[PDB]
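S.K.: Pasting an experimental structure with its sequence.
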Amino acid sequence: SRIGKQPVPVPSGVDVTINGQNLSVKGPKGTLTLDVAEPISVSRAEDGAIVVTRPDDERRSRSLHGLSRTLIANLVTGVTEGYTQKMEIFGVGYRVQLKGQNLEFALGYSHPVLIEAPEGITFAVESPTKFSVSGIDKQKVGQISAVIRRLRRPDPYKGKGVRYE
Amino acid sequence: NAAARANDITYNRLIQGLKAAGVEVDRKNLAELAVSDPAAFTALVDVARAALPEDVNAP
Amino acid sequence: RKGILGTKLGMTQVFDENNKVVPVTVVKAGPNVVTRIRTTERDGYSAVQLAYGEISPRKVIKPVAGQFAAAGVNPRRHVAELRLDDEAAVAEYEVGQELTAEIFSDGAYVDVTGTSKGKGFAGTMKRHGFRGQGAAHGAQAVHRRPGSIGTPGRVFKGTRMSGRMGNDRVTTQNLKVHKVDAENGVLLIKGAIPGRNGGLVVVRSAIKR
Amino acid sequence: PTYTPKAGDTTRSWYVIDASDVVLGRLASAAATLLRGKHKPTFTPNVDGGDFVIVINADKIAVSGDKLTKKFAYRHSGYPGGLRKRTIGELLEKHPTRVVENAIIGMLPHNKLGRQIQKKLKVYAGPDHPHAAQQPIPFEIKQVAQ
RNA sequence: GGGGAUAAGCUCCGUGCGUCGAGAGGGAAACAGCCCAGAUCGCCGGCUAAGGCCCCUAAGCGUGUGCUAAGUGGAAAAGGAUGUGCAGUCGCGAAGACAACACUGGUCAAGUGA
RNA sequence: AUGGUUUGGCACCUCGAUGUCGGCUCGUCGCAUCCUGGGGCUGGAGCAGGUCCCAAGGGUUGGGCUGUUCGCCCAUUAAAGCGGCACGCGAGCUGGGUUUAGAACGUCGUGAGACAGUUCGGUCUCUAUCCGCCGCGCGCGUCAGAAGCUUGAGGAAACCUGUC
RNA sequence: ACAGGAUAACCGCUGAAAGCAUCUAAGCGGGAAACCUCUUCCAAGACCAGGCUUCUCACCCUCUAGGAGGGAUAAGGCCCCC
């Protein structure tokens, strides 16, 4: 509610296209498309922003209003500069490196472990122990980051595995 | 009921209007009119419409 | 998935290169001629129809003779359909093309489909493997009967009771082809394939292996 | 005495109903009334003097609440444990027409006359029907204000 | 009201209490004992009772003002529970309130707590 | 608070007949899960458990004693589940127990006799009308009469597991 | 069996109401011998009685010419026979 009432600024250099509720944005980092909920309309404010206008104050709309605002903010900040997630390992003998487009780890299992890189993300490994992933959409980056985090069961005893900064 | 809804009026409102208008034809002959002579039934629907109050939901 | 129509000849014995014995059933995978193409745009499903067996032209009735003439091939005794998956799979068959035994290779896994032998009216002991009752210790004329049939006082559907047995289409899966004799159009299939000698069978590439 | 239809009295007309974004129960009741012949002044419970009904855009139909994933369509094969259930979601995505057919069929009488009346209902998931030759009259669900 | 475990479709008494028994008809899906109502016979007439008016099924997908998100409606308790509507209080607060960054100071910006 | 799986209480149902326990044969259902499957915290180091949520697809042994259910025991096993259905199933079987008439012991009675005490013996009838179910035909229908090859709405079957 | 889909307990991602937080009220993912497909079989009496084809694709008589009835045939089938 409160956050939604504040229009999110739109940088000049990034193109925003509005087709009813289908909103598409072309930024320097790439392009992303968002669909807005039907009780709320979005119009690009002429001052270099977009208007998240909620016309009703019933629970559904009042809850969706701020959510729509923050989703739009995430979309614009992800199409402008993208999103980057930093990762690392703790323990010994745990090696990580990038093999082309695909990520291979040797956590200590009897078999090599490979992770497939989906679209919109790329893997950076400047050290075997620490490495990072970056993308233009925050949701996908978070999902893949959690997936790679899952490669070891939690260790409350030694803390061997992977953890965020 | 079928013939009255064909004339954009419900059966109960039609019966109330017919009662208010004072016409003393019964349901047997009302059905006979509805089947045989639609013109008479339409005229009866008009007279019942005229006999109805202006706001039927008024107290 | 390849396929062919054949005939069960009998079973015999062979030895592989480790001197082990292999009981092999001999199937006459005789020459089949493709008679019709089933296409999705025409029939709604993709399938290929094969004809097998040799029959005298004076034995075929007029509708069958007309169908074979429209295909463009001489009549055969038996006709069956092979159901494929998509048009890309059925594009490799065309009417009049002849399939012989060498479409299979040694060591391949095949699916033979046939009609089981007839056993006639069979009791529950034979039809369903019911354990019998006692042959002594007082049992009175119940040595082979099913026994109980078991609130609503109703015999539920599916009751495994006595009846006719056999004569049903049966598929045996993952049979290994020990040898493909190209000269006689004979497949040597390790194992036992359904039906009596001289019956019709269908040999298809295994769906599982 | 009261009028009674003869051999050649009944005349049929064809209506086509667009089920896009229409409440399932509402459309089912309207179509059931049309099939039964209740809208004709010549109506008689003995005769199926109804009209043929075509329903297009069956898959676009509207279901309120969370009935799309919580309402079950049941059927028993007769064998023990032969009970099968599908929610309206999978029923719609697999056999779109079946939901509307079941709804309409449940709302008309369960006699033999109901069985004969069922013959006069055609539903289609697509936006078009093969019955253009009959020139069906588009039908809209209105309410008679009283 | 007693007996029984104030349990029983248990048992035993009182009642210018009722119904059935000996009572059809309408309603409660079906349903002696509940609700409406006491059948002299006929009518292809009318008004109503209980109960009802989306379709089955006769009559309202009636009108106006609100509530419910649980298919609650369309079974049930001790107890548990930041659901929501209304109303009443109190605490703190532009001297800048709460949050955010036990109790105190700076940014911030109206409501924030029981 | 649930259930009517345990003994109950009522006597509504049957005395011009509703078979009483176990066992065999054959089932079907529930999940309040014995194994197998997915989990979580561990007072979980690993192994292995403890406890708990989901989960009913399949499986869930053979013998000794007793008429037995129950139970104890012997070997195993992945495991040797708990229950409903007239404590399923005698126009399907048994008759070992209980429940007639014979006889004996203990005890009670003067006695005839008796004992929800014991012991030995002791007729289990029927040609399936209807529903139900398993199979198999005849007739008609599917808008002329036929014949090949088929799609499949919809159902049925199967689903276990160990060691190395 | 393998493989796919939707899921349970559960693990999550992206975040509101409630300026933070919150696997959640919007959404998006993973997740079991259970469920839907997948394997085998029956299946158009599936009365919505289906489909692709192929064959025969014609001859009389009667009442009264409206319809019906009867006869003889084709493709084919059955009976008799082995």
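M.R.: Perfect, thanks for sending it. Residues are numbered from 1 along each chain as shown, chains lettered A, B, ... in the order given.

S.K.: Let me see the ranges of the strands in chain D.
M.R.: Using DSSP state E, the strands of chain D run over D:14-18, D:52-56, D:72-76, D:83-87, D:121-123, D:137-138.

S.K.: of all the residues in chain B, which ones are close to RNA strand E?
M.R.: Within chain B, the residues that sit near RNA strand E (C-beta under 7 Å from any atom of the strand) are B:1, B:10, B:11, B:12, B:13, B:15, B:19, B:26, B:27, B:28, B:57. Placement of C-beta: from N, CA and C, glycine included.

S.K.: Now mean neighbour count and distance to RNA strand G too, for the strands of chain D, in a markdown table please.
M.R.: Listed next are those as a markdown table, based on neighbours: other C-beta atoms under 10 Å in any protein chain shown; distance: least, C-beta to the nearest atom of the strand, whole Å:
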| stretch | mean neighbour count | distance to RNA strand G |
| --- | --- | --- |
| strand D:14-18 | 19 | 16 |
| strand D:52-56 | 22 | 11 |
| strand D:72-76 | 11 | 11 |
| strand D:83-87 | 12 | 6 |
| strand D:121-123 | 20 | 8 |
| strand D:137-138 | 9 | 22 |
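
S.K.: which of the residues of chain B next to RNA strand E sit farthest apart?
M.R.: B:28 and B:57 (30.5 Å; C-beta to C-beta).

S.K.: Neighbour count: the two, which is higher?
M.R.: Neighbours were counted for residue B:28 and for residue B:57 using other C-beta atoms under 10 Å in any protein chain shown; residue B:28 has more, 10 against 6.

S.K.: so that one, which of the three states?
M.R.: Three-state assignment for residue B:28 (DSSP: H, G, I helix; E, B strand; the rest coil): helix.

S.K.: Now the phi/psi pair for residue 25, please.
M.R.: I'll assume chain A. phi -130, psi 130 (degrees, to the nearest 10).

S.K.: Oops, wrong one, chain C.
M.R.: In this entry, residue C:25 is assigned phi and psi values of phi -100, psi 130 (degrees, to the nearest 10).

S.K.: what separates the one helix or strand residue A:31 maps to from the chain centre, distance-wise?
M.R.: Using DSSP states H and E, residue A:31 falls within strand A:30-35. Mean C-alpha position of strand A:30-35 versus that of the full chain (C-alpha atoms, centre = their mean, to the nearest Å) differs by 12 Å.

S.K.: Only the buried residues of that strand, if you could.
M.R.: For strand A:30-35, the neighbour count (16 or more other C-beta atoms under 10 Å in any protein chain shown) marks A:32, A:34 as buried.

S.K.: for stretch A:125-142, same thing?
M.R.: For stretch A:125-142, burial by neighbour count (16+ other C-beta under 10 Å) applies to A:125, A:131, A:132, A:133, A:134, A:135, A:136, A:137, A:138, A:140, A:141.

S.K.: Switch the residues of chain B next to RNA strand E over to TSV; also include secondary structure.
M.R.: Output for these, formatted as TSV (three-state DSSP):
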residue	secondary structure
B:1	coil
B:10	coil
B:11	helix
B:12	helix
B:13	helix
B:15	helix
B:19	helix
B:26	coil
B:27	helix
B:28	helix
B:57	coil
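
S.K.: ok, which of these also contact RNA strand G?
M.R.: Counting by C-beta under 7 Å from any atom of the strand, no member of the residues of chain B next to RNA strand E reaches RNA strand G.

S.K.: Report the buried members of those.
M.R.: Counted by 16+ other C-beta under 10 Å, the residues of chain B next to RNA strand E give B:1, B:13 as buried.

S.K.: What lies in contact with the longest strand seen in chain A?
M.R.: Using DSSP E to define each element, chain A has its longest strand at strand A:83-90. Strand A:83-90 has contacts (C-beta atoms under 8 Å, 6 or more residues apart in numbering or on different chains) with A:77, A:96, A:128-138, A:141-142, A:145, A:148-149, A:159-165.

S.K.: all strands of chain B, in order?
M.R.: Under DSSP E, chain B gives no strands.

S.K.: Look up the closest residue to the residue most central in space within chain A, ignoring the ones flanking it.
M.R.: By C-alpha atoms, centre = their mean, chain A has its centre lying nearest to residue A:138, at 0.7 Å. Nearest residue to residue A:138, sequence neighbours excluded (C-beta to C-beta, 6 or more residues apart in numbering or on different chains): residue A:83, at 4.7 Å.

S.K.: how much space between the one you found and chain C?
M.R.: 41 Å (C-beta to the nearest C-beta, to the nearest Å).
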